[PDB]
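Encoded as structure tokens, the following chain is the form solved without uridine-5'-diphosphate, with no partner shown.
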């Protein structure tokens, strides 16, 4: 399916690692869809070159450039830089439908059945569950929607200073409309919810299709012991999946660029 893609975003090298693990995880679970990554010029050439191998398409977005449609909004709302860059996922009109996934998510199972969903489908955010979590969503590229989102970003900004606020504001019927636009939580399982509601994780977590690494420490911020195959200093299994992919597939990939 060439006109459908998973789309992610990396604005730096640290998140490129996440994006590389994510992309690898999607390939590992045999997606039949394209993989696209939005990148900024702040992503270094070696990460970019690795991204070009993992992803079918690497799209460079430079909202710091005057030529960018989001640039004026950036000047108005400089804290929305990441948001405005992410919003360019809607510019990818070479695709009819996409699943956006933040670079700090990890695919545990094939999730191509997401492409049955309509814009805007997303899992509930823990914390304020009448908002959707913007880490994973099904959307449809459209210059119009992009422009409309830009306009809301310009006019109202984001109630949380992030892309999630903006997206919830724009796609505001999510909470009260169409249960099919509630992605099951297992398609965007907040790593924090392992703690916040442990019995529920015990009951339903084995079904996790996507893990979303939230909180202060991102997976790449951990130390991974390659001998014991575990991160150190915590329910580590998801981190360990992330690190195994990173160790097995991503590092060896980045290593071949030194030659």
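Numbering follows the first chain given and starts at 1.
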property	result
Residue 217 preceded by how many uncoordinated deposited residues after residue 216	none
Entry-level comparison of average CA B-factors, 119 to 127 and 67 to 75, reporting the higher stretch	67 to 75
Higher-scoring stretch by recorded Cα B factor average, 58 to 66 or 188 to 196	188 to 196
Which of 202, 33, 212, 209 ranks first by CA B-factor in the deposited coordinates	202
CA B-factor placement of residue 83, once the chain's modelled residues are sorted into thirds	middle
Ranked against its chain, the third holding the CA B-factor of residue 172	lowest
Residue 162 by Cα B-factor - lowest, middle or highest third of the modelled chain	middle
Third of the chain's Cα B-factor distribution that residue 20 belongs to, per the entry	lowest
Record-listed C-alpha B factor of residue 113: chain third	middle
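Only in words, not in the display: the form deposited with uridine-5'-diphosphate bound, which the text now covers.
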| property | result |
| --- | --- |
| Full three-residue contact with uridine-5'-diphosphate in the deposited complex, heavy atom 4.5 Å, for 9, 12 and 218 | yes |
| Heavy atom within 4.5 Å of uridine-5'-diphosphate in the deposited complex - residue from 107, 153, 103, 87 | 103 |
| The unique member of 175, 186, 82, 72 whose heavy atoms fall within 4.5 Å of uridine-5'-diphosphate in the deposited complex | 82 |
| Answer range among 206 to 214, 53 to 61, 24 to 32, 223 to 231 for contact with uridine-5'-diphosphate, defined in the deposited complex as heavy atoms within 4.5 Å | 206 to 214 |
